[PDB]
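Numbering (PDB author numbering), first residue to last: 51 to 463, 468 to 573, 576 to 862.
The beta-carbon is built from N, C-alpha and C at its ideal position, and this holds for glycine as well.
The block underneath contains the structure these notes are about, expressed in structure tokens.
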Ligand SMILES: *[C@@H]1O[C@H](CO)[C@@H](O[C@@H]2O[C@H](CO)[C@@H](O[C@@H]3O[C@H](CO[C@H]4O[C@H](CO)[C@@H](O)[C@H](O[C@H]5O[C@H](CO)[C@@H](O)[C@H](O)[C@@H]5O[C@H]5O[C@H](CO)[C@@H](O)[C@H](O)[C@@H]5O)[C@@H]4O)[C@@H](O)[C@H](O[C@H]4O[C@H](CO)[C@@H](O)[C@H](O)[C@@H]4O[C@H]4O[C@H](CO)[C@@H](O)[C@H](O)[C@@H]4O)[C@@H]3O)[C@H](O)[C@H]2NC(C)=O)[C@H](O)[C@H]1NC(C)=O
Ligand SMILES: O=C(c1ccc2[nH]nnc2c1)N1C[C@H]2CN(C(=O)c3cc(OCC(F)(F)F)c4ccccc4n3)C[C@@H]2C1
Ligand SMILES: [Ca+2]
Ligand SMILES: [Ca+2]
Ligand SMILES: [Cl-]
Ligand SMILES: [K+]
Ligand code: NA
Ligand SMILES: [Zn+2]
């Protein structure tokens with residue numbers, strides 16, 4: 051109930067919402083059915099349209115009009131946006147040459163440049179190029195301001211997860227909006243697009259920008275707009291708010307457009323019906339910029355033009371049905387569409403088995419257009435697991451497709471031609487970013503970046519301290535003329551030990567053997585030097601990673617590689633080595649096939665042992681520096697040290713061996729040398745963060761040797777590939793991965809074939825940012841380069857996607 055018999059007189063679009071049952075006059079009252087009886091009459095005036103016409107100029111104020119062309123309108127702050135063009139012979143903003151904005155040019159009393167976020171739903175990245183002829187205002191923003199070719203949304207590439215990621219800098223798993231549709235089993239409650247439950251504040255975690263601003267004394271316009279408020283009215287309202295007195299006027303504002311998404315669903319991303327919606331959005335941008343010019347704010351305000359995701363071609367005939375796989379279809383609940391999430395229909399059903407559901411969905415059809423996963427086995431880059439609202443079972447659906455439970459769900463719900475929600479690396483899901491204003495750079499292109507980064511920058515733009523978030527503060531400094539945030543490197547928490555030869559062979563009882571008893577003064581001084589770090593400048597190009605937590609570990613030097621060896625986890629945290637373009641691959645000589653050698657620098661007590669691997673029928677082992685890439689037959693002995701050993705399922709050894717034997721050489725050829733850092737990852741609670749030792753759920757049988765959930769590598773070379781990796785004078789280039797350490801290759805439907813047919817495809821799928829690996833290992837890379845730190849932070853957030861060109 052609402053006592054809707056009060057009035058909006060003087061209160062239209064009130065900035066502070068009023069407490070029930072007193073009727074509301076804010077831009078959200080419609081959505082709560084709680085507007086005052088006179089809201090439409092007073093606040094949603096439409097009379098005479100939205101533009102001044104020649105004859106309306108210098109008219110007598112008629113308050114009934116939607117906007118005004120009277121002489122007093124400018125000081126009243128309610129002229130139509132084209133008033134000055136028609137009545138004062140001004141030019142439209144789009145027709146003015148653009149001119150660098152070196153400093154904010156603001157009216158007196160403005161304490162900071164305002165921020166206006168112009169958000170456009172379903173605005174696919176390629177619209178910028180493909181729609182450029184019909185979007186002149188947006189094209190001027192783009193070419194005159196700072197722009198990226200595209201911006202990467204978060205997974206799932208749905209509306210609410212992305213808008214709320216924009217507002218908070220958080221992954222959906224952390225902010226809690228993990229889909230447009232959700233079930234929370236602790237609340238026992240459901241969230242949907244239609245309905246009231248989504249208004250309950252308990253769904254929305256973290257700290258969105260409007261709250262960050264408020265708490266720090268910066269006033270905010272309301273970010274949300276009800277559908278029925280026409281775009282023109284949203285603009286005039288923002289402009290009116292900008293005419294408020296200094297003490298009342300907000301500093302941050304948001305406009306939202308339901309277009310082009312709405313049309314894209316109906317007609318497909320490039321349907322001929324899409325030209326119109328794009329024209330119309332441009333015209334809105336035009337009204338804002340004209341309105342700002344009129345208020346002398348066009349060289350004062352920072353404007354962000356930002357999308358939430360793109361749009362793909364998807365039709366009803368491209369639907370996979372779980373009824374063609376599951377005979378038990380009615381005992382599951384499916385969240386359907388461009389992604390799948392599955393749980394049991396009834397928790398009172400003890401015959402529900404996720405394991406057999408997954409198996410019934412694995413590689414069952416030649417061209418199956420979705421892949422089942424347990425959520426902790428999803429590519430780590432999606433960061434889509436650590437929330438009770440995310441179901442254990444997930445389907446990653448191919449672009450262009452849908453998953454549904456039964457055929458009856460589709461024909462009794468072809469309507470749609472476009473949808474979104476797919477993997478956030480998919481080109482068609484990419485969206486847009488432009489920044490224009492005094493704080494952004496002039497005529498600057500920046501590389502693609504992730505929308506999780508924007509919260510930090512919007513905080514910088516407003517002089518706010520951002521709440522803890524998933525952006526990497528400083529990684530977008532190159533977007534800004536000033537207001538930069540100057541981060542410092544995190545302090546190393548643990549310093550390494552540097553052990554010498556401290557143990558005799560006979561102290562080791564590890565059940566290991568090596569045919570290495572096949573034994576000069578010149579070449580023993582030399583090999584001693586190698587063990588003291590003589591070649592370290594070659595294999596450790598960017599300094600040693602810093603350990604950001606409390607632990608006990610050793611630096612181990614070798615001819616061909618350096619490692620940071622954990623006495624706690626009994627294996628390296630990182631292994632670093634450089635492979636020049638000239639490097640030669642060799643094989644493991646027959647006599648050394650099963651060779652594992654004790655490391656006389658490291659006690660038996662802090663070593664792995666071969667016996668445990670012998671007893672563990674499931675677990676085999678591999679090496680982090682690959683024997684195949686040894687620089688000489690004598691250096692190869694080093695690669696068989698028990699301290700270079702890591703536990704690997706035989707299924708994963710196929711992947712790992714192919715990476716080390718074939719792919720590292722290939723990358724070295726193609727990139728003119730590569731530096732590789734590889735290591736283990738333990739994330740048993742799938743929170744994206746390094747596990748402590750008490751979180752490890754699996755060990756090599758009968759031992760304290762913990763099993764990794766993942767193995768990473770970070771592969772660095774020179775951006776200018778005419779320079780070798782080990783002599784690079786400028787910017788770097790990186791690709792990385794976080795491969796899941798799995799006892800089977802079920803994820804790859806082709807795995808029965810040769811590794812050349814499936815391994816690289818699996819690796820690409822599990823591409824990663826260095827930053828993802830930092831979270832997962834507690835390490836900090838690239839400590840010692842000649843590059844600025846901000847550039848290094850950008851590099852650490854880079855993701856190699858393996859998609860073709862936009
Ligand atoms: C992306 O960025 C984010 C933000 O920086 C990172 O997430 C943070 O990670 C922190 C470390 O894991 C985590 O810190 C913990 O906070 C606990 C209290 O947190 C509450 O208060 C904060 C501040 O206001 C609030 O933000 C939190 O909000 C969460 O929960 C609410 C309500 O449920 C949700 O609405 C909201 O969406 C959010 O949910 C998300 O996070 C929670 C975890 O908090 C997940 O479970 C959800 O799935 C979801 O993802 C909270 O309201 C605090 O209790 C923890 O302290 C424990 O551990 C420390 C170790 O330092 C120890 O000192 C204590 O003893 C304590 O242990 C006790 O509790 C244990 C568990 O109950 C128990 O086992 C023990 O026996 C002890 O009794 C901890 O400090 C922080 O909350 C989140 N913040 C957010 C916003 O998510 C994220 O890691 C980044 N991601 C990546 C990949 O880098
Ligand atoms: O009808 C839809 C819809 C649209 C596209 C779809 N595709 N498939 N199904 C769909 C259903 N709606 C109603 C829209 C109104 N709205 C906001 O007003 C908003 C603005 C924000 O910000 C706008 C800003 F980014 F500019 F700030 C937010 C920010 C954080 C959280 C929520 C926000 N909500 C978002 C809602 C999605
Ligand atoms: Ca959307
Ligand atoms: Ca973890
Ligand atoms: Cl969803
Ligand atoms: K074994
Ligand atoms: Na397989
Ligand atoms: Zn949509």
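Residue i - containing alpha helix (DSSP H), residue span
{"i": "residue 211", "result": "209-218"}
{"i": "residue 276", "result": "Run containing residue 276: none; DSSP gives neither H nor E here."}
{"i": "residue 465", "result": "One cannot assign coordinates to residue 465, given that the chain in this structure leaps from 463 to 468."}
{"i": "residue 819", "result": "815-821"}
{"i": "residue 593", "result": "592-595"}
{"i": "residue 582", "result": "578-587"}
{"i": "residue 459", "result": "458-461"}
{"i": "residue 725", "result": "720-727"}
{"i": "residue 260", "result": "259-265"}
{"i": "residue 740", "result": "That residue, residue 740, is in no alpha helix (DSSP H); it is neither H nor E in DSSP."}
{"i": "residue 93", "result": "89-93"}
{"i": "residue 658", "result": "Note, residue 658: premise wrong, no alpha helix (DSSP H); not H, not E."}
Host beta strand (DSSP E) of residue i (start-end)
{"i": "residue 309", "result": "302-310"}
{"i": "residue 634", "result": "627-635"}
{"i": "residue 487", "result": "487-490"}
{"i": "residue 734", "result": "730-737"}
{"i": "residue 848", "result": "Taken as a continuous stretch (DSSP letters only), residue 848 belongs to no beta strand (DSSP E), being part of the alpha helix (DSSP H) at 845-853."}
{"i": "residue 168", "result": "165-171"}
Per DSSP, cross-strand counterpart(s) of residue i
{"i": "residue 326", "result": "The partner list for residue 326 (beta bridge, DSSP) is empty, contrary to what the question assumes."}
{"i": "residue 504", "result": "202"}
{"i": "residue 793", "result": "769 and 823"}
{"i": "residue 551", "result": "610"}
{"i": "residue 444", "result": "391 and 423"}
{"i": "residue 498", "result": "196"}
{"i": "residue 701", "result": "679"}
{"i": "residue 234", "result": "239"}
{"i": "residue 72", "result": "53"}
{"i": "residue 618", "result": "613 and 632"}
{"i": "residue 118", "result": "129"}
{"i": "residue 452", "result": "369"}
{"i": "residue 762", "result": "755"}
Proximity test, residue i beta-carbon vs ligand 6 heavy atom, cut-off 7 Å
{"i": "residue 800", "result": "no"}
{"i": "residue 709", "result": "no"}
Candidates the options: closest to residue i by CA position
{"i": "residue 438", "options": "445, 229, 704 and 185", "result": "229"}
{"i": "residue 330", "options": "186, 527, 404 and 472", "result": "186"}
{"i": "residue 790", "options": "836, 621, 855 and 813", "result": "855"}
{"i": "residue 299", "options": "215, 209 and 66", "result": "66"}
{"i": "residue 99", "options": "280, 198, 267 and 561", "result": "280"}
{"i": "residue 713", "options": "513, 154, 225 and 678", "result": "678"}
{"i": "residue 316", "options": "473, 840 and 530", "result": "473"}
{"i": "residue 553", "options": "620, 566 and 517", "result": "620"}
{"i": "residue 52", "options": "578, 80, 60 and 62", "result": "80"}
{"i": "residue 92", "options": "59, 78 and 107", "result": "59"}
{"i": "residue 303", "options": "314, 129 and 290", "result": "290"}
Heavy atom of ligand 8 within 7 Å of residue i beta-carbon
{"i": "residue 363", "result": "no"}
{"i": "residue 452", "result": "no"}
{"i": "residue 315", "result": "yes"}
{"i": "residue 172", "result": "yes"}
{"i": "residue 474", "result": "yes"}
Distance cut-off 7 Å: residue i Cβ against heavy atoms of ligand 4
{"i": "residue 575", "result": "Here the chain breaks off after 573 and picks up again at 576, leaving residue 575 without coordinates."}
{"i": "residue 746", "result": "yes"}
Residue i beta carbon near ligand 5 (any heavy atom closer than 7 Å)
{"i": "residue 230", "result": "yes"}
{"i": "residue 206", "result": "yes"}
Contact test: residue i Cβ vs ligand 3 heavy atom, cutoff 7 Å
{"i": "residue 242", "result": "no"}
Distance cut-off 7 Å: residue i Cβ against heavy atoms of ligand 1
{"i": "residue 599", "result": "no"}
Unbroken stretches of the alpha helix (DSSP H), 4 residues or longer, contained in the segment 340-425: 404-411
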